[PDB]
Structure formats: structure tokens, C-alpha cells
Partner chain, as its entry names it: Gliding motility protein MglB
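Before any questions on binding or motion, here is one chain by itself as C-alpha cells, the form deposited without its partner chain.
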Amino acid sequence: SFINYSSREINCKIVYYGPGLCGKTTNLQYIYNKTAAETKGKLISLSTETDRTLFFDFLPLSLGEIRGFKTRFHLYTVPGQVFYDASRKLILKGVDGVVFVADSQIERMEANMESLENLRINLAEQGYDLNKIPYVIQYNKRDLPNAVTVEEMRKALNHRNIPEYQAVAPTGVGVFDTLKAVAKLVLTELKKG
């Protein structure tokens, strides 16, 4: 987080992580579409001249408040396909909370596990610890006939029983619940230290 004690402004960063095509961008699109105009900024895509179609997303929002400050949450996604580790590492810098978006399709379980381990490693490689940071897991794509059962998703991907939400990101199932859960965890940490 960045706290400016003179201007009384706090900026928090939430990163949506997970394997290729798992639903990260779709989460932010639904959040943008369904949030009141007065509490959201603009959802934008970003890429660079070096790889102009390697897109990730940025969306600023007003969620909860810390008394005596203006607090804004900046939501980011990452490029989840395996090759793009360097991009994921750039985006994770300064993260305050993480949402791991798992693709419930059975064919994508290995990719879910690879991406979750990559999250843990990348957090360690910038001095963070996944076990301590505000962190919520989303089991997305619950609508698909090849989705793994929720119990099996939990046993495979949520060994520490952190908060978990079923989702269908394009229709909004679970999307705001996931966001509000991680944002509350981040705010609680701000109020602590």
C-alpha cells in the first residue's frame, strides 16, 4: 500500500492471478459494468510496444473506508499463460491482496496448480509470503459440465481453508463476494499496522 499522511490518501493494490484464460479479465469487466458510476474509475487494458497484444487490466474503485483517509483500491490482472512470468512479476510488486481465479474445468487442473505454485514463488521472490497476505480463492466456470466438484477444488487448491467462492464470472455469480472478501481483509490489515 501507499499511504500519504499529508494528503490523507491510501492506495491499495489487488492482483487477480491464475492460469491462462481462467476468467481474471472477465471478473474485472463484470465489476466495472455493475459498479455504480460514483465509486469506480475506468477499466483499462495495458500492454507495451514490445508486445502490444500482451494485455492486462487496471480498474480503480472505492470500497471500504479507513477513517480520516481517502482509500482507493487498484485492481490488476496478469497474463496467466505460462510463458509470461516476467509480466506477472512486474504486476505483483506492491500487492496488498490477491484473488486466485481457478478454472474449474477438469482439463485445467494442472494449469491451476502450476499457476498457484507460481504465485507462491513469485511472492517469495519479492519478499512476500502467500500464507500471510490477504488472499481469497475463486472457483470460476461453475457453469461448465466438465467442472470439477467444489469439494475436489477445495481439496486440490485450498489446503489452508482460506476464503473461497464459487463463480461464473460472465454472469456475475460470486464476483462481488470475492472482491468484497479480499478488500475487507486488506482494510483490516491497514487498520492494524
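Just so we're on the same page, rigid core means the largest C-alpha set that superposes within 1.5 Å between forms. Numbering follows the first chain given and starts at 1.
A second form of this protein, the form solved in complex with its partner chain, is not displayed here; the remarks below concern that form.
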For this session: Decide if the three candidate residues 3, 11 and 46 all line its partner chain in the deposited complex, where lining means a heavy atom within 4.5 Å.
Result: yes
Exercise. Quick one: of 113, 90, 106, 121, which gets a non-hydrogen atom within 4.5 angstroms of its partner chain in the deposited complex?
Worked result: 90
Seminar exercise, completed: The one residue among 157, 130, 63, 168 placing a heavy atom within 4.5 Å of its partner chain in the deposited complex is 63
Exercise. Do residue 54 and its partner chain share at least one heavy atom pair within 4.5 Å in the deposited complex?
Worked result: yes
Problem set entry | Candidate stretches 141 to 149, 22 to 30, 160 to 168, 46 to 54 - the one whose heavy atoms come within 4.5 Å of its partner chain in the deposited complex | 46 to 54
Seminar exercise, completed: Taking its partner chain in the deposited complex and a 4.5 Å non-hydrogen atom cutoff, the residues of 140 to 163 making contact are none
Exercise. Which listed residue (131, 33, 146, 53) has a Cα shift of at least 2 Å between the shown form and the other one, rigid core superposed?
Worked result: 53
For this session: Could you check whether the CA atom of residue 160 moves 2 Å or more between the shown form and the other one, using the rigid core for the fit?
Result: no
Exercise. Comparing between the shown form and the other one on the rigid core, is the C-alpha shift at residue 181 2 Å or larger?
Worked result: no
Exercise. Is residue 105 one of the residues whose C-alpha moves 2 Å or more between the shown form and the other one after the core fit?
Worked result: no
Seminar exercise, completed: Under comparison with the form shown, the C-alpha atoms of residue 128 and residue 48 in the deposited complex shift by 3 angstroms or more, placing them farther
Problem set entry | Sense of CA distance change between residue 79 and residue 53 in the deposited complex, threshold 3 Å | closer
